[PDB]
S.K.: 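Before we start, here is the structure in question, set down as structure tokens.
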Amino acid sequence: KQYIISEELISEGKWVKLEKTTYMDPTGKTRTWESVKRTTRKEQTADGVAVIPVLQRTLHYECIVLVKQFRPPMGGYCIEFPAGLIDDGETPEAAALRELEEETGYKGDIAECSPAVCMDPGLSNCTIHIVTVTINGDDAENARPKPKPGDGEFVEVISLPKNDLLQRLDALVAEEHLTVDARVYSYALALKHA
Amino acid sequence: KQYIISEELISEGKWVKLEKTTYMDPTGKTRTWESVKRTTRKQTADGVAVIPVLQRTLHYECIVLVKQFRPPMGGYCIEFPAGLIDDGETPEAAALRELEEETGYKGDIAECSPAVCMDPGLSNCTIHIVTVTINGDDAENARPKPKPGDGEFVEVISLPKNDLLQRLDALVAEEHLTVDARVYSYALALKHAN
Ligand SMILES: CC(C)N(C)c1ncnc2c1cnn2C
Ligand SMILES: CC(C)N(C)c1ncnc2c1cnn2C
Ligand SMILES: [Cl-]
Ligand SMILES: [Mg+2]
Ligand SMILES: [Mg+2]
Ligand SMILES: [Mg+2]
Ligand SMILES: [Mg+2]
């Protein structure tokens, strides 16, 4: 039933644009929406990746490796899956492994890769691949993980046991001002509900 | 260590605005970011998303999702039921209301997250994730009546919790839909649990 009639540009920055979207509703009435899009998406299957990094070590409970960063849109620190935009020509798996090493120091192994999933579909066209990666924490490569952050990237690594993820997140939120990402929270909640 | 210096309005629609954010990096170097915000925030958060666990005796437990045309995406998306919190609504109450409007199910609150971020690299948008049970054997939920607001056109898709990630992948394969990142992240963690 529904389709896009037109996309009018309102304002274009270096990274993000706003559009006036005109569409057909299922009654045959024409309507509008205000849409956010990134300016950086070329031939990539998605804007970005987020990495679910499962750190595995013998005689340790598995951990989910998270990162804490200052996020200017939010005006504060956020705890998220390691994540970044996919470079032109890069595969989602390659962007995931690259971002994970850059942000955390870990060299992971691909486990699975989602289709393009939407970040906030009521507002933006932004998509990511959610890529699950296992990190062999017994490998010497992963002993003293050294992050190699890019220009303007400032990251703290936080590894939390998978078996207690939601309580350990609540305990960090209780101790300082800091926002957990919706994807991390959704993942932690499902680990509880299962 | 990092903080916001100033925010310059670039462009303000009715629903969304685009700001140019100035901030201090950890080195004491001043930097800029392009930041999206909703204009509608009053609230604990902009919105709620509802994880609705449909429980019927002698049936698999289902997670209730919605499929809707999303103009920023130019297509159909599969999501948790969700909407903006009305000024002076609690998240709990917004959840049950949004669930009823979008699905017609009448639910009970199990738990409620703190405010979690949607896409903190781009926007300040936050939601409360609210886990709700639905006693699908109650007379009120027998023939549930979705009461949509203006400009909402919602198909309800109920999927078994125990096979959620495979069922979502099947839909995507056949139906050309985008699954929401929080739905996919929940579904993933249901598979990754112990
Ligand atoms: C359906 C009604 C209440 N309108 C048009 C909207 N509701 C929520 N977010 C919106 C719009 C339009 N643009 N954006 C970003
Ligand atoms: C060079 C990198 C770190 N910068 C500036 C950015 N990276 C990704 N998204 C961005 C920005 C700025 N605005 N927005 C929306
Ligand atoms: Cl539950
Ligand atoms: Mg990143
Ligand atoms: Mg990065
Ligand atoms: Mg909604
Ligand atoms: Mg609604």
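Order of the sequence lines sets the chain letters (A, B, ...), proteins ahead of strands, with each chain counted from 1.
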S.K.: For chain A, find which of B/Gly83, B/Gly75, B/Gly121, B/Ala82 contributes the most heavy-atom pairs closer than 4.5 angstrom.
M.R.: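 Looking at each of B/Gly83, B/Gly75, B/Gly121, B/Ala82 in turn, B/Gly121 comes out on top.
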S.K.: Can a side-chain donor-acceptor contact be found between A/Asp138 and A/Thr58 if the only test is distance below 3.5 angstrom?
M.R.: yes
S.K.: By a 4.5 Å heavy-atom criterion (distance strictly below it), what part of B/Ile51 contacts chain A: side chain, backbone, both, or neither?
M.R.: side chain
S.K.: Spell out, as yes or no, whether a donor-acceptor pair under 3.5 Å connects the side chain of B/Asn141 to the backbone of B/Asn135.
M.R.: yes
S.K.: Are A/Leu66 and A/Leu178 in one and the same hydrophobic cluster, where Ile, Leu, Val, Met, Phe, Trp and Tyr link if side-chain heavy atoms are under 4.5 Å apart?
M.R.: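 The answer is yes; both residues are in one hydrophobic cluster.
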S.K.: Which region of A/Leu166, side chain (C-beta onward) or backbone (N, CA, C, O), has a non-hydrogen atom less than 4.5 Å from a non-hydrogen atom of chain B, or is it both or neither?
M.R.: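 For A/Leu166, side-chain heavy atoms alone lie under 4.5 Å from chain B.
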S.K.: Using non-hydrogen atoms and a 4.5 Å limit, figure out which bit of B/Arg31 sits close to chain A: side chain, backbone, both or neither.
M.R.: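 B/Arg31 touches chain A through side-chain heavy atoms alone.
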S.K.: With a 4.5 angstrom heavy-atom cut-off, is it the side chain or the backbone of B/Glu79 that approaches chain A, or both, or neither?
M.R.: side chain
S.K.: Would you check if the side chain of A/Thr179 reaches a backbone N or O of B/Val116 as a donor-acceptor pair within less than 3.5 Å?
M.R.: no
S.K.: Chain A heavy atoms under 4.5 Å from B/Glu19: which part of the residue, side chain, backbone, both or neither?
M.R.: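 B/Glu19 has no heavy atom closer than 4.5 Å to chain A.
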S.K.: Are the charged groups of A/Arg57 and A/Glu62 less than 4.0 angstrom apart, N to O?
M.R.: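 Looking at A/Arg57 and A/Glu62, the cut-off is not met.
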S.K.: Between B/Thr131 and chain A, which part of the residue has a heavy atom less than 4.5 Å away: side chain, backbone, both or neither?
M.R.: side chain
S.K.: Under a 4.0 Å N-O cut-off, is there an ion pair linking A/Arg41 with A/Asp47?
M.R.: yes
S.K.: Is the backbone of A/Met119 close enough, under 3.5 Å, to the side chain of B/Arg182 for a donor and an acceptor to pair up by distance?
M.R.: yes
S.K.: Just so I understand: if I count every heavy-atom pair under 4.5 Å between each of B/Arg70, B/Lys29, B/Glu34 and chain A, which residue has the most?
M.R.: B/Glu34
S.K.: Hey, does the side chain of A/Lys1 reach the backbone of A/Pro26 with a donor-acceptor pair shorter than 3.5 angstrom?
M.R.: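 Flag set: sc A/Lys1 to bb A/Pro26 pair under 3.5 Å.
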S.K.: So which of B/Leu122, B/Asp25, B/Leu188 has the biggest tally of heavy-atom pairs under 4.5 Å with chain A?
M.R.: B/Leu122
S.K.: Using modelled atom types only, decide if a donor and an acceptor are shared between the side chain of A/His129 and the backbone of A/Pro92 within a distance under 3.5 Å.
M.R.: no
S.K.: What part of A/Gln69 lies closer than 4.5 angstrom to a heavy atom of chain B: side chain, backbone, both or neither?
M.R.: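 For A/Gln69, no heavy atom lies under 4.5 Å from chain B.
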S.K.: Check this for me, if you would: do B/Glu7 and B/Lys20 make a salt bridge, where the nitrogen-to-carboxylate-oxygen distance has to be below 4.0 angstrom?
M.R.: no
S.K.: Which one of B/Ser35, B/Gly74, B/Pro120 has the most heavy-atom pairs closer than 4.5 Å to chain A?
M.R.: B/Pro120
S.K.: Using non-hydrogen atoms and a 4.5 Å limit, figure out which bit of A/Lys17 sits close to chain B: side chain, backbone, both or neither.
M.R.: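 Neither part.
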S.K.: Counting heavy-atom pairs under 4.5 Å to chain A, which of B/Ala181, B/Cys117, B/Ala193 comes out on top?
M.R.: B/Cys117
S.K.: Identify which of A/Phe154, A/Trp15, A/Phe81 forms the greatest number of heavy-atom pairs closer than 4.5 Å to chain B.
M.R.: A/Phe154
S.K.: Please classify the contact of B/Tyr23 with chain A as side chain, backbone, both or neither, using a heavy-atom distance under 4.5 Å.
M.R.: side chain
S.K.: Find the one option among B/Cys125, B/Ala110, B/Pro72 whose heavy-atom pairs under 4.5 Å with chain A are most numerous.
M.R.: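 Heavy-atom pair counts peak at B/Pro72.
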S.K.: I'd like to know if the side chain of A/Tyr77 and the backbone of B/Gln2 have a donor-acceptor N/O pair within less than 3.5 Å.
M.R.: yes
S.K.: With a 4.5 angstrom heavy-atom cut-off, which part of A/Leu191 approaches chain B: side chain, backbone, both or neither?
M.R.: both
